[PDB]
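Asks: using only what follows, build the 3D model:
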Amino acid sequence: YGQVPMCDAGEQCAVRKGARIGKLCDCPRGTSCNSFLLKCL
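Replies: Residues are numbered from 1 along each chain as shown. Dropping the coordinates below:
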């Protein structure tokens, strides 16, 4: 439960649009999911 594709540092890990965020992949250890930039920061 919660398994997701490994996300890259610049690759989009979640899309912020419409209202809620669209999860795509998890950010690599050391990088978080920026809902404003949509990057692994």
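
Asks: tell me how many other residues crowd residue 13.
Replies: By other C-beta atoms under 10 Å, 28 other residues sit near residue 13. All C-beta atoms are positioned from the backbone trio N, CA, C, and that covers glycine.

Asks: who's in contact with it?
Replies: Residues in contact with residue 13, defined by C-beta atoms under 8 Å, 6 or more residues apart in numbering, are 7, 23-27, 33, 38-40.

Asks: drop anything exposed from the residues you listed.
Replies: Listed as buried from the contacts of residue 13 are 7, 25-27, 33, 38-40; burial here means 16 or more other C-beta atoms under 10 Å.

Asks: out of those residues, flag the one nearest to residue 15.
Replies: residue 38 (6.2 Å; C-beta to C-beta).

Asks: excluding its backbone neighbours, what's nearest the closest one?
Replies: Closest residue in space to residue 38, ignoring its immediate chain neighbours: residue 12 at 5.0 Å, by C-beta to C-beta, 6 or more residues apart in numbering.

Asks: that neighbour in helix, strand or coil?
Replies: Of the three states, residue 12 takes coil under DSSP: H, G, I helix; E, B strand; the rest coil.

Asks: need phi/psi at it.
Replies: Here is the backbone geometry of residue 12 (degrees, to the nearest 10): phi -70, psi 120.

Asks: look up how far residue 1 lies from it.
Replies: 23 Å (C-beta to C-beta, to the nearest Å).

Asks: what about those two, which has more around it?
Replies: residue 12 (16 against 2).

Asks: identify the residue nearest residue 39 in space, chain neighbours excluded?
Replies: residue 10 (5.7 Å).

Asks: surely that neighbour and residue 37 touch.
Replies: No: using C-beta atoms under 8 Å, residue 10 makes no contact with residue 37, being 9.7 Å away.

Asks: all strands of the chain, in order?
Replies: Remark: strands assigned in the chain by DSSP state E are 14-16, 21-23.

Asks: hey, which of those is tucked in deepest?
Replies: Each of the strands of the chain was scored by mean neighbour count; the highest is strand 14-16, a mean of 16, by mean count of other C-beta atoms under 10 Å.

Asks: many thanks, have a good one.
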